[PDB]
file coords_32.txt (compact mmCIF, C-alpha atoms)
# COMPACT_ATOMS: atom_id res chain seq x y z
CA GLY H 2 -36.13 34.66 18.33
CA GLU H 3 -34.75 32.16 20.80
CA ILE H 4 -36.62 29.17 19.36
CA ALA H 5 -35.51 30.05 15.82
CA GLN H 6 -31.92 30.46 16.99
CA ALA H 7 -31.88 27.13 18.79
CA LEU H 8 -33.21 25.42 15.65
CA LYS H 9 -30.39 27.05 13.69
CA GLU H 10 -27.93 25.59 16.20
CA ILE H 11 -29.49 22.20 15.47
CA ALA H 12 -28.91 22.71 11.73
CA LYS H 13 -25.29 23.66 12.38
CA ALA H 14 -24.71 20.54 14.47
CA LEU H 15 -26.23 18.48 11.66
CA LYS H 16 -23.70 20.01 9.25
CA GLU H 17 -20.96 18.95 11.66
CA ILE H 18 -22.43 15.46 11.41
CA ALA H 19 -22.20 15.61 7.57
CA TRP H 20 -18.53 16.65 7.76
CA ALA H 21 -17.63 13.83 10.14
CA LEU H 22 -19.27 11.37 7.75
CA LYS H 23 -17.14 12.78 4.93
CA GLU H 24 -14.15 12.12 7.19
CA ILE H 25 -15.33 8.52 7.35
CA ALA H 26 -15.60 8.46 3.54
CA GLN H 27 -12.01 9.63 3.21
CA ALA H 28 -10.82 7.11 5.84
CA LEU H 29 -12.33 4.30 3.76
CA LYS H 30 -10.68 5.64 0.61
CA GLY H 31 -7.32 5.75 2.37
CA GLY O 2 -37.08 29.66 27.48
CA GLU O 3 -37.50 26.01 28.35
CA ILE O 4 -38.41 25.00 24.79
CA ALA O 5 -35.40 26.89 23.43
CA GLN O 6 -33.08 25.35 26.05
CA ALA O 7 -34.41 21.87 25.29
CA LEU O 8 -33.67 22.45 21.61
CA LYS O 9 -30.18 23.60 22.53
CA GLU O 10 -29.70 20.30 24.35
CA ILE O 11 -30.68 18.53 21.13
CA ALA O 12 -27.99 20.52 19.32
CA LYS O 13 -25.42 19.53 21.94
CA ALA O 14 -26.34 15.85 21.64
CA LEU O 15 -25.98 16.10 17.88
CA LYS O 16 -22.47 17.46 18.43
CA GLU O 17 -21.65 14.35 20.46
CA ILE O 18 -22.89 12.27 17.53
CA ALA O 19 -20.52 14.10 15.19
CA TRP O 20 -17.67 13.42 17.64
CA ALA O 21 -18.53 9.72 17.82
CA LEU O 22 -18.40 9.64 14.02
CA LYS O 23 -14.91 11.15 14.15
CA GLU O 24 -13.89 8.29 16.45
CA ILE O 25 -15.19 5.91 13.82
CA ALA O 26 -13.14 7.63 11.11
CA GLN O 27 -10.15 7.37 13.44
CA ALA O 28 -10.73 3.67 14.03
CA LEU O 29 -10.72 3.24 10.26
CA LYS O 30 -7.47 5.15 9.74
CA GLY O 31 -5.63 3.01 12.28
CA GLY X 2 -43.66 21.61 30.27
CA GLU X 3 -44.61 18.47 28.40
CA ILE X 4 -43.32 19.79 25.06
CA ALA X 5 -39.94 20.74 26.60
CA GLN X 6 -39.77 17.40 28.44
CA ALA X 7 -40.42 15.49 25.21
CA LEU X 8 -37.64 17.46 23.50
CA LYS X 9 -35.32 16.45 26.35
CA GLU X 10 -36.22 12.80 25.73
CA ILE X 11 -35.19 13.35 22.12
CA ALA X 12 -31.84 14.79 23.25
CA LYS X 13 -31.31 11.81 25.54
CA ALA X 14 -32.09 9.44 22.67
CA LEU X 15 -29.56 11.22 20.47
CA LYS X 16 -26.90 10.74 23.16
CA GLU X 17 -27.65 7.01 23.14
CA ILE X 18 -27.02 7.07 19.40
CA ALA X 19 -23.66 8.77 20.06
CA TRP X 20 -22.69 6.02 22.53
CA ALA X 21 -23.76 3.33 20.07
CA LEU X 22 -21.56 4.89 17.40
CA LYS X 23 -18.66 4.72 19.86
CA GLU X 24 -19.45 1.00 20.15
CA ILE X 25 -19.03 0.82 16.38
CA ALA X 26 -15.68 2.64 16.69
CA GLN X 27 -14.56 0.24 19.42
CA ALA X 28 -15.55 -2.77 17.33
CA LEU X 29 -13.49 -1.44 14.40
CA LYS X 30 -10.40 -1.01 16.61
CA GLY X 31 -10.73 -4.59 17.83
CA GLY M 2 -50.76 16.58 24.25
CA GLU M 3 -50.76 15.38 20.65
CA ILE M 4 -47.62 17.39 19.90
CA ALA M 5 -45.78 16.07 22.96
CA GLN M 6 -46.80 12.50 22.18
CA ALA M 7 -45.59 12.88 18.58
CA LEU M 8 -42.25 14.10 19.91
CA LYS M 9 -42.19 11.04 22.17
CA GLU M 10 -42.73 8.88 19.09
CA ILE M 11 -39.69 10.59 17.60
CA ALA M 12 -37.65 9.83 20.72
CA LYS M 13 -38.77 6.19 20.49
CA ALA M 14 -37.68 5.86 16.83
CA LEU M 15 -34.30 7.39 17.77
CA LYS M 16 -33.89 4.63 20.35
CA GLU M 17 -34.62 2.09 17.62
CA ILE M 18 -31.84 3.69 15.61
CA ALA M 19 -29.42 3.36 18.55
CA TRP M 20 -30.25 -0.34 18.83
CA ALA M 21 -29.64 -0.86 15.11
CA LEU M 22 -26.25 0.82 15.48
CA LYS M 23 -25.50 -1.63 18.32
CA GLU M 24 -26.42 -4.46 15.93
CA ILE M 25 -23.89 -3.07 13.45
CA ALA M 26 -21.23 -3.02 16.19
CA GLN M 27 -22.11 -6.62 17.06
CA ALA M 28 -21.87 -7.62 13.39
CA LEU M 29 -18.40 -6.11 13.33
CA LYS M 30 -17.72 -8.16 16.48
CA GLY G 2 -53.33 18.49 13.98
CA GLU G 3 -51.12 19.21 11.01
CA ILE G 4 -48.05 19.87 13.14
CA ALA G 5 -48.45 16.71 15.19
CA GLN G 6 -49.06 14.68 12.02
CA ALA G 7 -45.87 16.09 10.49
CA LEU G 8 -43.92 15.15 13.61
CA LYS G 9 -45.37 11.62 13.23
CA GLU G 10 -44.03 11.57 9.65
CA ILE G 11 -40.60 12.41 11.03
CA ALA G 12 -40.87 9.53 13.53
CA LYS G 13 -41.79 7.16 10.69
CA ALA G 14 -38.88 8.37 8.54
CA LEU G 15 -36.55 7.75 11.48
CA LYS G 16 -37.95 4.22 11.78
CA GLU G 17 -36.99 3.73 8.13
CA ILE G 18 -33.48 4.83 9.03
CA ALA G 19 -33.42 2.17 11.79
CA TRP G 20 -34.46 -0.50 9.25
CA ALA G 21 -31.78 0.58 6.78
CA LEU G 22 -29.19 0.35 9.58
CA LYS G 23 -30.42 -3.18 10.32
CA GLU G 24 -29.79 -3.91 6.65
CA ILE G 25 -26.24 -2.67 7.01
CA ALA G 26 -25.77 -4.98 10.03
CA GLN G 27 -27.08 -7.94 8.05
CA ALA G 28 -24.68 -7.13 5.21
CA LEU G 29 -21.73 -7.07 7.64
CA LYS G 30 -22.72 -10.43 9.14
CA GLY G 31 -22.03 -12.12 5.82
CA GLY R 2 -49.07 25.78 7.32
CA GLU R 3 -45.45 26.79 6.85
CA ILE R 4 -44.32 25.09 10.04
CA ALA R 5 -46.11 21.84 9.20
CA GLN R 6 -44.71 21.98 5.64
CA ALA R 7 -41.15 22.56 6.84
CA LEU R 8 -41.46 19.60 9.22
CA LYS R 9 -42.54 17.53 6.20
CA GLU R 10 -39.40 18.63 4.34
CA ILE R 11 -37.43 17.35 7.31
CA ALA R 12 -39.27 14.01 7.11
CA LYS R 13 -38.43 13.83 3.40
CA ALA R 14 -34.75 14.56 4.02
CA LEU R 15 -34.67 11.82 6.67
CA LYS R 16 -36.09 9.47 4.05
CA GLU R 17 -33.18 10.35 1.74
CA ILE R 18 -30.86 9.49 4.62
CA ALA R 19 -32.55 6.08 4.92
CA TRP R 20 -32.12 5.44 1.19
CA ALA R 21 -28.42 6.41 1.31
CA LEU R 22 -28.00 3.95 4.16
CA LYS R 23 -29.58 1.26 1.97
CA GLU R 24 -26.96 2.19 -0.66
CA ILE R 25 -24.25 1.58 1.94
CA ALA R 26 -25.79 -1.83 2.70
CA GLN R 27 -25.84 -2.65 -1.04
CA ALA R 28 -22.18 -1.65 -1.44
CA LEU R 29 -21.20 -3.89 1.47
CA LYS R 30 -22.90 -6.80 -0.31
CA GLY R 31 -20.95 -6.13 -3.50
CA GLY K 2 -41.56 32.75 9.19
CA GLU K 3 -38.28 32.56 11.08
CA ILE K 4 -39.23 29.28 12.72
CA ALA K 5 -40.21 27.69 9.38
CA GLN K 6 -37.01 28.95 7.71
CA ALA K 7 -34.86 27.51 10.51
CA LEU K 8 -36.62 24.17 10.09
CA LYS K 9 -35.90 24.39 6.37
CA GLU K 10 -32.22 24.86 7.23
CA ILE K 11 -32.46 21.68 9.29
CA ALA K 12 -33.89 19.86 6.24
CA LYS K 13 -31.01 21.06 4.05
CA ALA K 14 -28.41 19.95 6.57
CA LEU K 15 -30.08 16.54 6.66
CA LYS K 16 -29.74 16.39 2.86
CA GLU K 17 -26.02 17.12 3.29
CA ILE K 18 -25.93 14.13 5.61
CA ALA K 19 -27.67 11.93 3.00
CA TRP K 20 -25.07 13.01 0.44
CA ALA K 21 -22.15 12.30 2.77
CA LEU K 22 -23.55 8.79 3.28
CA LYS K 23 -23.76 8.34 -0.48
CA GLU K 24 -20.04 9.14 -0.63
CA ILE K 25 -19.46 6.45 1.99
CA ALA K 26 -21.37 3.97 -0.21
CA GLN K 27 -19.20 4.95 -3.17
CA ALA K 28 -16.06 4.55 -1.06
CA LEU K 29 -17.13 1.01 -0.10
CA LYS K 30 -17.67 0.11 -3.77
call {"tool": "encode", "arguments": {"input": "coords_32.txt", "output": "structure tokens"}}
result
Amino acid sequence: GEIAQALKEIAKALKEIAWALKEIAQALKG
Amino acid sequence: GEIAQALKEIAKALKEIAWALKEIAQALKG
Amino acid sequence: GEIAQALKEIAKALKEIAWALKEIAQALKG
Amino acid sequence: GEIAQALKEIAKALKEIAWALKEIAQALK
Amino acid sequence: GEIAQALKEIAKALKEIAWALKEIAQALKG
Amino acid sequence: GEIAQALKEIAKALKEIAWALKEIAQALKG
Amino acid sequence: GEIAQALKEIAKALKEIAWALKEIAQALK
């Protein structure tokens, strides 16, 4: 359903946030 | 649906957060 | 609808968080 | 509605998070 | 209602995130 | 209900985010 | 339910965010 799909898009965007934070982790380690 | 669309706007805003975090990682690199 | 409108407030708030993160990025450059 | 007003409480806490992030930026100068 | 109460729990958890971010700011100050 | 319970899981996850942020603050203090 | 399962996916992504932040803490150590 459309509400379920939109929520899934929210979860995907949150994963993108996790990845960007890992990029920050690596930047600090560099 | 309006609830679905609103949720999709939340997903989009979360993507902007992930981008902002990339700018932070970039500021750290250089 | 009030539920949709409240969700849009949440998206707006998340955008403000994105802009604040960019302020963090800017401060790290400087 | 109780559900809408709870969502508004969520929006308000998110604004508090944005302000805290601004405080971090300020700390960094 | 149980759904509204759960949303209130989310709001409270987010407040805790704000406080932890304030802690980070304090740490950066000195 | 399953929706209320899932929202509570989200609240719990947000609390883990707050704690991780406190870890970041601790690391910054040495 | 599909709505509940999607919200559970949101919870798991948030946990991934908590873990990424832990890695940032470790990096700062």
call {"tool": "closest_atom_pairs", "arguments": {"input": "coords_32.txt", "of": "chain M", "to": "chain X", "cutoff": "6 Å", "atoms": "all atoms listed in the file", "output": "JSON lines"}}
result
{"residue": "M:5", "atom": "CA", "partner": "X:4", "partner_atom": "CA", "distance": 4.9}
{"residue": "M:8", "atom": "CA", "partner": "X:7", "partner_atom": "CA", "distance": 5.8}
{"residue": "M:9", "atom": "CA", "partner": "X:7", "partner_atom": "CA", "distance": 5.7}
{"residue": "M:12", "atom": "CA", "partner": "X:11", "partner_atom": "CA", "distance": 4.5}
{"residue": "M:15", "atom": "CA", "partner": "X:14", "partner_atom": "CA", "distance": 5.8}
{"residue": "M:16", "atom": "CA", "partner": "X:14", "partner_atom": "CA", "distance": 5.6}
{"residue": "M:19", "atom": "CA", "partner": "X:18", "partner_atom": "CA", "distance": 4.5}
{"residue": "M:22", "atom": "CA", "partner": "X:21", "partner_atom": "CA", "distance": 5.8}
{"residue": "M:23", "atom": "CA", "partner": "X:21", "partner_atom": "CA", "distance": 5.5}
{"residue": "M:26", "atom": "CA", "partner": "X:25", "partner_atom": "CA", "distance": 4.4}
{"residue": "M:29", "atom": "CA", "partner": "X:28", "partner_atom": "CA", "distance": 5.9}
{"residue": "M:30", "atom": "CA", "partner": "X:28", "partner_atom": "CA", "distance": 5.9}
call {"tool": "calpha_fit_rmsd", "arguments": {"input": "coords_32.txt", "fixed": "chain X", "moving": "chain G"}}
result
0.2 Å
call {"tool": "calpha_fit_and_write", "arguments": {"input": "coords_32.txt", "fixed": "chain M", "moving": "chain K", "output": "CSV table (one decimal) with C-alpha atoms, in the coordinates of the input"}}
result
chain,number,residue,atom,x,y,z
K,2,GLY,CA,-50.8,16.7,24.3
K,3,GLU,CA,-50.7,15.6,20.7
K,4,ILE,CA,-47.6,17.5,20.0
K,5,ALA,CA,-45.7,16.1,23.0
K,6,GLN,CA,-46.9,12.5,22.2
K,7,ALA,CA,-45.6,12.9,18.6
K,8,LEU,CA,-42.3,14.1,19.9
K,9,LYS,CA,-42.2,11.1,22.2
K,10,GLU,CA,-42.7,8.9,19.1
K,11,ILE,CA,-39.7,10.6,17.6
K,12,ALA,CA,-37.7,9.7,20.7
K,13,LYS,CA,-38.7,6.1,20.5
K,14,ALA,CA,-37.7,5.9,16.8
K,15,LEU,CA,-34.4,7.3,17.7
K,16,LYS,CA,-33.9,4.6,20.3
K,17,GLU,CA,-34.7,2.1,17.5
K,18,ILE,CA,-31.9,3.7,15.6
K,19,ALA,CA,-29.5,3.4,18.6
K,20,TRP,CA,-30.4,-0.3,18.8
K,21,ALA,CA,-29.8,-0.9,15.1
K,22,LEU,CA,-26.4,0.6,15.5
K,23,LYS,CA,-25.6,-1.7,18.4
K,24,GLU,CA,-26.4,-4.6,16.0
K,25,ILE,CA,-23.9,-3.1,13.6
K,26,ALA,CA,-21.3,-3.1,16.3
K,27,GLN,CA,-22.0,-6.7,17.1
K,28,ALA,CA,-21.8,-7.6,13.4
K,29,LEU,CA,-18.3,-6.0,13.3
K,30,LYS,CA,-17.2,-8.0,16.3
call {"tool": "atom_distance", "arguments": {"input": "coords_32.txt", "atom1": "CA of residue 7 (chain M)", "atom2": "CA of residue 24 (chain M)"}}
result
26.0 Å
call {"tool": "atom_distance", "arguments": {"input": "coords_32.txt", "atom1": "CA of residue 25 (chain K)", "atom2": "CA of residue 25 (chain M)"}}
result
15.5 Å
call {"tool": "axis_aligned_box", "arguments": {"input": "coords_32.txt", "around": "region 4-19 of chain G", "padding_each_side": "6 Å", "output": "AutoDock Vina command-line options"}}
result
--center_x -41.2 --center_y 11.0 --center_z 11.7 --size_x 27.6 --size_y 29.7 --size_z 19.1
call {"tool": "atom_distance", "arguments": {"input": "coords_32.txt", "atom1": "CA of residue 27 (chain M)", "atom2": "CA of residue 28 (chain K)"}}
result
22.1 Å
